[PDB]
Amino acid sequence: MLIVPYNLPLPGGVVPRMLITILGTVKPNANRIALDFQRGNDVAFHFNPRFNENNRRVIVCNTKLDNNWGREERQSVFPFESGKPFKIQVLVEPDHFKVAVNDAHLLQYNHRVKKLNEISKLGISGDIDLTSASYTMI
């Protein structure tokens, strides 16, 4: 397993047609997972499965600019399960990030950070055993 939290450099930032694939297994009794696509200290796209927010499972998505979180976008479809292997695929499209989990479309997140080629790192954190993290151009 890779060491979490894990930084995946994205050389030259992201660009449409770039596919990021994360393979891992959720720990037992998980509380949270996070993917943070970063532009220096800013978070262009925060993808945050929460296993217990007032006894509900929810994925929260947001952007952090100058240390300030913005308006959350929330998804009640929740494909993750404590103890089970998952695949997250993040495809950069021209107007949004498109996210699929276990080969099923989950959500899309409109680009708030516009300088895509400056989103140069992906942080992977939370209650997972991380198997692999990679990218390819499709």
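Throughout, we count residues from 1 along the sequence that is shown.
Of 70-78 and 43-51, which one has the bigger average CA B-factor?
-> Mean B over CA atoms: larger for 70-78.
Mean C-alpha temperature factor, higher of 53-61 and 33-41 | So the stretch with the higher mean C-alpha B-factor is 53-61.
Based on the entry's values, in what third of the chain does the Cα temperature factor of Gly83 lie: lowest, middle or highest?
-> Answer is middle: the recorded C-alpha B-factor places it there.
If you rank every modelled residue in this chain by C-alpha B factor, which third holds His105: lowest, middle or highest?
-> Within its chain, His105 is a middle-third residue by C-alpha B-factor, going by the deposited values.
Sorting the chain's modelled residues by C-alpha B-factor, tell me whether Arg112 ends up in the lowest, middle or highest third.
-> Within its chain, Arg112 is a lowest-third residue by C-alpha B-factor, going by the deposited values.
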